[PDB]
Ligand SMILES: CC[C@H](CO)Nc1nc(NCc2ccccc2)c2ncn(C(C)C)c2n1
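Coming up is one lone chain in structure tokens, specifically the form solved without the ligand.
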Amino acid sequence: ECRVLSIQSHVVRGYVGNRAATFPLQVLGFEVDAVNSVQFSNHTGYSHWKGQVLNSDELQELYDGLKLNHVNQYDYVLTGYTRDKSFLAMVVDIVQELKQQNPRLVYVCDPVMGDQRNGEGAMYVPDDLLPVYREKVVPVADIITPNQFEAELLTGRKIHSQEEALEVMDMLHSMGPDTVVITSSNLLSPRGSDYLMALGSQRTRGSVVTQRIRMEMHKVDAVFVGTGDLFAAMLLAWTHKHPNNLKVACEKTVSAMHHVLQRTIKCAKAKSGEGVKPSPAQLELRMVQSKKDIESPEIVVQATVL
């Protein structure tokens, strides 16, 4: 049995943060302990939203409860969007302390930054977070899933080509994480302008045998929320099964992603009218109805080894 401590947002309706990460990990066999950093009615993609936030002190209280009961033994820690540097700093303390009892604990981090839609009632992420991610978070993270924009901020470098991306990924490796996956980029894929390009790199430490891969997925014509959280949660599961094969781990992860999105866009267009654009409420991920696809995804993409 593998136990995951996931600390992310919670929404009453829809799927983002912990809502997008718990069901997938559960059906995949993981014991998930969920700390909801916030509780909103829905995500910020809607016109309205109401809810309450948890401060670093409250986060500490919860962790203390687990500690007092001697049940603070985890195999994985998983975090994502956060817009409070004080909260984020608290997370690092918790991870460090946990890695103390279990040097084998794996910390999966998705360093969210920018004007992204989230489930924490926020319209943006304060710039004062970059230095916390850069100097405290990344150094203790084992698997990180930044997008191109985030990868650039973390390394202070810009990416103009596939070769530069690989260089930035190497810079991230030296900062700490043995596995780095750039989930989406602006790089033009050789397959076509309609494909989204993702890059992956894993340092398997004994010299460092580095496995690098590239993946191209056809873009779906719509804006989704929570996809990044779903990605990170599934990558966690699949890397656990294929600890030394980033290629397979990413192929199953991205395949699932495809099935869920296809089912989601089909149902969204069916519920809205003819020629009517689906609304964010209609675009909520069809998580429950994708159970079989998440459990065992039919591979639909092939990762090319670089």
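In this text, the rigid core denotes the largest set of C-alpha atoms whose superposition between the two forms falls within 1.5 Å. Position 1 is the first residue in the sequence shown; the rest follow in order. Shifts are known only where both forms have a C-alpha.
Asker: So residue 205 and residue 206 are neighbours in the shown sequence, but is anything from the deposited sequence left out between them? Give the count as none, 1 to 3, 4 to 9, or 10 or more.
Answerer: In the record, 1 to 3 residues between residue 205 and residue 206 lack coordinates.
Asker: Going by the B-factors listed in the PDB entry, is the mean over the C-alpha atoms higher for 49 to 57 or for 240 to 248?
Answerer: Mean B over CA atoms: larger for 240 to 248.
Asker: Give the stretch, out of 78 to 86 and 113 to 121, with the larger mean C-alpha temperature factor in the deposited entry.
Answerer: Per the PDB entry, the higher value belongs to 113 to 121.
Asker: Of the choices 93, 229, 142, 164, which one's C-alpha carries the largest B-factor in the record?
Answerer: Answer, based on the entry's C-alpha B-factors: 164.
Asker: Considering only 43, 67, 259, 277, which residue's Cα atom bears the greatest B-factor as recorded?
Answerer: Of the candidates given, the C-alpha B-factor peaks at 277.
Asker: Among the modelled residues of its chain, does the C-alpha B-factor of residue 182 lie in the lowest, middle or highest third?
Answerer: It belongs to the middle third of the chain when residues are ordered by C-alpha B-factor.
Asker: By the record's CA B-factor, is residue 271 among the lowest, middle or highest third of residues in the chain?
Answerer: Answer is highest: the recorded C-alpha B-factor places it there.
Asker: Lowest, middle or highest third: where is residue 108 by C-alpha B factor in its chain?
Answerer: It falls in the bottom third of the chain.
Asker: Could you place residue 220 in the lowest, middle or highest third of its chain by Cα temperature factor, using the values in the record?
Answerer: For residue 220, the deposited C-alpha B-factor lands in the middle third.
Asker: By its CA B factor, does residue 8 count among the lowest, middle or highest third of the modelled residues in the chain?
Answerer: It falls in the bottom third of the chain.
The discussion below concerns the form deposited with the ligand bound, not included here.
Asker: Once the ligand is overlaid from its position in the entry with it bound by fitting the nearby C-alphas, are 3 or more of its atoms within 2.4 Å of backbone or C-beta here, so blocked, or is the site open?
Answerer: Site status blocked, 3 or more atoms under the 2.4 Å cut.
Asker: Can you pick the stretch from 39 to 47, 63 to 71, 241 to 249, 267 to 275 whose heavy atoms fall within 4.5 Å of the ligand in the entry with it bound?
Answerer: That would be 39 to 47.
Asker: Is there a heavy atom of residue 214 no more than 4.5 Å from a heavy atom of the ligand in the entry with it bound?
Answerer: Residue 214 lies outside the contact set for the ligand.
Asker: Give a yes/no on whether residue 235 approaches the ligand to within 4.5 Å in the entry with it bound, heavy atoms considered.
Answerer: No, residue 235 is distant from the partner.
Asker: Do residue 112 and the ligand share at least one heavy atom pair within 4.5 Å in the entry with it bound?
Answerer: Residue 112: yes, in contact with the ligand in the entry with it bound.
Asker: Can you tell me if residue 226 lies within 4.5 angstroms of the ligand in the entry with it bound, counting non-hydrogen atoms only?
Answerer: Yes - in the entry with it bound, heavy atoms of residue 226 and the ligand come within 4.5 Å of each other.
Asker: From first to last in sequence, which residues of 81 to 118 have any non-hydrogen atom within 4.5 angstroms of the ligand in the entry with it bound?
Answerer: In sequence order, 81, 83, 112 come within 4.5 Å of the partner.
Asker: When the rigid core of both forms is overlaid, which of 188, 123, 71, 223 is the one whose C-alpha moves 2 angstroms or more between this form and the one not shown?
Answerer: So the only displaced C-alpha belongs to 123.
Asker: Is residue 156 among the residues whose Cα moves by 2 Å or more between this form and the one not shown after superposition of the rigid core?
Answerer: No, the C-alpha position differs by under 2 Å between this form and the one not shown.
Asker: Note whether the distance between the C-alpha atoms of residue 286 and residue 122 decreases (closer) or increases (farther) in the entry with it bound, against the displayed form; the change is 3 Å or more.
Answerer: Here the pair is closer than in the entry with it bound; there, farther apart.
Asker: Shorter or longer C-alpha distance for residue 115 and residue 175 in the entry with it bound, given it differs from this form by 3 Å or more?
Answerer: Their C-alpha distance shrinks by at least 3 Å in the entry with it bound.
Asker: Where does the protein shift between this form and the one not shown, taking runs of 3+ residues with every CA moved 2 Å or more once the core is matched?
Answerer: Shifted segments: 114 to 124, 272 to 274.
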